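Heads up: the structure comes next, in structure tokens.
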Ligand SMILES: *[C@@H]1O[C@H](CO)[C@@H](O)[C@H](O)[C@H]1NC(C)=O
Ligand SMILES: *[C@@H]1O[C@H](CO)[C@@H](O)[C@H](O)[C@H]1NC(C)=O
Ligand SMILES: *[C@@H]1O[C@H](CO)[C@@H](O)[C@H](O)[C@H]1NC(C)=O
Ligand SMILES: *[C@@H]1O[C@H](CO)[C@@H](O)[C@H](O)[C@H]1NC(C)=O
Ligand SMILES: *[C@@H]1O[C@H](CO)[C@@H](O)[C@H](O)[C@H]1NC(C)=O
Ligand SMILES: *[C@@H]1O[C@H](CO)[C@@H](O)[C@H](O)[C@H]1NC(C)=O
Ligand SMILES: *[C@@H]1O[C@H](CO)[C@@H](O)[C@H](O)[C@H]1NC(C)=O
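Chains as they are written, first to last, in the deposited numbering: chain A, 27 to 69, 82 to 177, 188 to 211, 216 to 243, 264 to 317; chain B, 512 to 516, 523 to 608; chain C, 318 to 366.
Set out below in structure tokens:
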């Protein structure tokens, strides 16, 4: 299932660790384009080009874990992320064979809702380098953006309650794990997917007095946004303005 | 045998001095200025601070959960006020 | 006129996650040379002193 939907100003994250109060900043980094189209996934390997935007909402904890890699073979190192009930394990260890993802013949939650101690997806645990354990990543709508720039793998997260809904929610950094591996493909795991891809765009964020982003404008959507970015302001007065060439 | 090929030696620290023009180095953020406490509220993940002119304003020390401003210690020009040298010699 | 600095300070985060050089050196029983142990010490502060 690849039903398409538009992203209404979703996928904004803090670019740096610095703090700014009551000032508009223009930055040129990877971002999800405003009003771009995303793909819903239901019950395949994604191309994972220049970052990714992951979002999912549900009242259960069915969704957990991700796998990254460029070949998923013994030739090249592969990465894993899996969340437990009380912890998370992130080990960049090679995996050779994947016969089939685990799937119960019944998988009915109307009678039995217990699915425990049934996780075995790695056929061979070869030599590897890094392993990180911390507080659970997941807890409402969950939004994650994964990047791989200069050998650093960065993960952002945010929990936005809903009643991709409209609004602005900034993604705060979570864990900058230094794997060093090349990533060209990714895939989600089970026990309602929003997938979007980033481009090297330029933005103009608005910083609150407390230091949080409230609004942003994409400098390549419509001529009004280009005028706003040129003037470095969110309100434009009457007149004629030169924007580009 | 320890073969060689993230693994870096411990970097020692120095006591924190305030209200004096002191050279500082906070996680590689070299600079010079006076160190004073600030009534700001950084986010949990932020570490530095930067004003409209892209100049470091406030820095959070990596050890304790405190944030302090960075103000350059006083500089400026000097002037001499004197009457005519024939009239007098005081300045 | 310019006020010169009076001191130089360097601040770095607490030292922790020290490498397991203590465990390698004080092994109660080592192995023979033909089957020699190996430990990939990575992602830790060394403190060779
Ligand atoms: C982009 O999203 C729209 C829905 O707004 C869809 O009609 C269109 O097919 C998408 N683009 C591509 C290349 O599929
Ligand atoms: C987390 O799940 C993995 C999956 O096998 C398991 O090996 C590990 O022991 C779990 N964590 C804890 C603290 O039990
Ligand atoms: C780890 O396993 C891979 C897979 O064969 C191998 O090529 C590599 O030499 C091993 N060691 C390291 C340090 O990567
Ligand atoms: C990743 O790609 C770069 C260039 O695309 C290459 O030099 C490097 O060997 C690849 N593998 C790793 C582990 O960086
Ligand atoms: C900034 O934080 C203070 C203290 O939590 C709060 O009172 C104030 O409303 C905040 N400013 C906002 C949300 O604009
Ligand atoms: C570093 O050690 C000091 C000792 O007083 C402690 O207060 C501080 O919290 C430690 N660093 C951290 C984790 O903030
Ligand atoms: C200073 O004043 C006196 C008296 O007015 C005059 O004689 C003298 O020439 C003056 N000095 C100079 C350098 O002109």
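Yeah, the Cβ is synthetic: ideal placement off N, Cα and C, and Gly gets one too.
In terms of Cβ geometry, residue 237 (chain A) and residue 41 (chain A) do not form a close pair [threshold 8 angstroms]. Linking residue 590 (chain B) to residue 551 (chain B) through their CA atoms gives a straight-line distance of about 6 angstroms. Residue 274 (chain A) sits in a strand when the DSSP states are folded into three classes. Not a single CB atom of chain C sits nearer than 8 angstroms to the CB of residue 45 (chain A).
Contact annotation for residue 49 (chain A) against chain B: 569 [CB-CB distance below 7 angstroms, chain order]. Residues of the same chain with a CB within less than 6 angstroms of the CB of residue 209 (chain A), apart from the 5 flanking positions on each side, are 188 in chain order. The three-state reading of DSSP puts residue 342 (chain C) in helix, counting H, G and I together. In this structure, the alpha-carbon of residue 291 (chain A) lies about 32 angstroms from that of residue 108 (chain A).
DSSP places residue 112 (chain A) outside any beta strand (DSSP E), giving it a letter other than H or E. Interface annotation, residue 191 (chain A): not in contact with chain B, CB-CB separation never under 8 angstroms. Residue 566 (chain B) belongs to the set of residues whose beta carbon lies under 8 angstroms from a beta carbon in chain A. For a cut-off of 8 angstroms, the C-beta gap from residue 557 (chain B) to residue 329 (chain C) is around 22 angstroms, too long to register as a contact. Residue contact check for residue 349 (chain C) against chain B: no CB pair falls below 8 angstroms.
Non-local beta-carbon contacts of residue 308 (chain A) in its own chain, meaning distances under 8 angstroms to residues more than five positions away in sequence, involve 296, 299, 300 in chain order. For residue 174 (chain A), the closest C-alpha among the options A:218, A:198, A:138, A:126 is that of A:126.
Contacts between residue 167 (chain A) and chain C, judged by CB atoms closer than 8 angstroms, involve 357, 359 in chain order. Taking the C-beta atoms as reference points, residue 578 (chain B) is found no nearer than 8 angstroms to residue 555 (chain B). At least 8 angstroms separates the CB of residue 354 (chain C) from every CB of chain B.
Its chain contains 115, 117, 130 as the residues whose beta carbon lies nearer than 7 angstroms to that of residue 233 (chain A), once the 5 sequence neighbours on both sides are disregarded; these appear in chain order. Judged by beta-carbon spacing, residue 223 (chain A) lies within the 8 angstroms limit of residue 38 (chain A), meaning their Cβ atoms are closer than that value. For residue 136 (chain A), the secondary structure class from DSSP, reduced to helix, strand or coil, is coil. Distances from the CB of residue 550 (chain B) to the heavy atoms of ligand 7 are all 7 angstroms or more. Non-local beta-carbon contacts of residue 534 (chain B) in its own chain, meaning distances under 7 angstroms to residues more than five positions away in sequence, involve 552 in chain order. Of all alpha-carbon atoms in C:346, C:354, C:353, C:324, the one lying nearest the alpha-carbon of residue 536 (chain B) is that of C:324.
If you check the C-beta of residue 558 (chain B) against ligand 5, you find a heavy atom less than 7 angstroms away.
Look at residue 585 (chain B): its C-beta is not under 8 angstroms from any C-beta on chain A.
Here the residues close to ligand 2, judged by CB distance below 5 angstroms to any of its heavy atoms, are A:122, A:125 in chain order. Shortest gap from the CB of residue 63 (chain A) to any heavy atom of ligand 5: 7 angstroms or more. Beyond the five residues adjoining it in sequence on each side, residue 120 (chain A) comes within less than 6 angstroms, by CB distance, of 103, 127 in the same chain, given in chain order. Per DSSP, residue 297 (chain A) is one residue of the alpha helix (DSSP H) stretching across 295 to 303. Residue 339 (chain C) is outside the set of residues whose beta carbon lies under 8 angstroms from a beta carbon in chain B.
Interface annotation, residue 334 (chain C): not in contact with chain B, CB-CB separation never under 8 angstroms.
Three or more beta-carbon pairs separated by less than 8 angstroms are not found between the region 163 to 174 of chain A and the region 193 to 205 of chain A, which leaves the two stretches without contact.
Counting the other CB atoms within 10 Å of its CB gives residue 137 (chain A) a total below 16, which places it among the exposed residues. No Cβ-Cβ contact shorter than 8 angstroms links residue 286 (chain A) with residue 560 (chain B).
With a cutoff of 7 angstroms, residue 164 (chain A) counts as near ligand 3, since its C-beta is closer than that to a heavy atom of the ligand.
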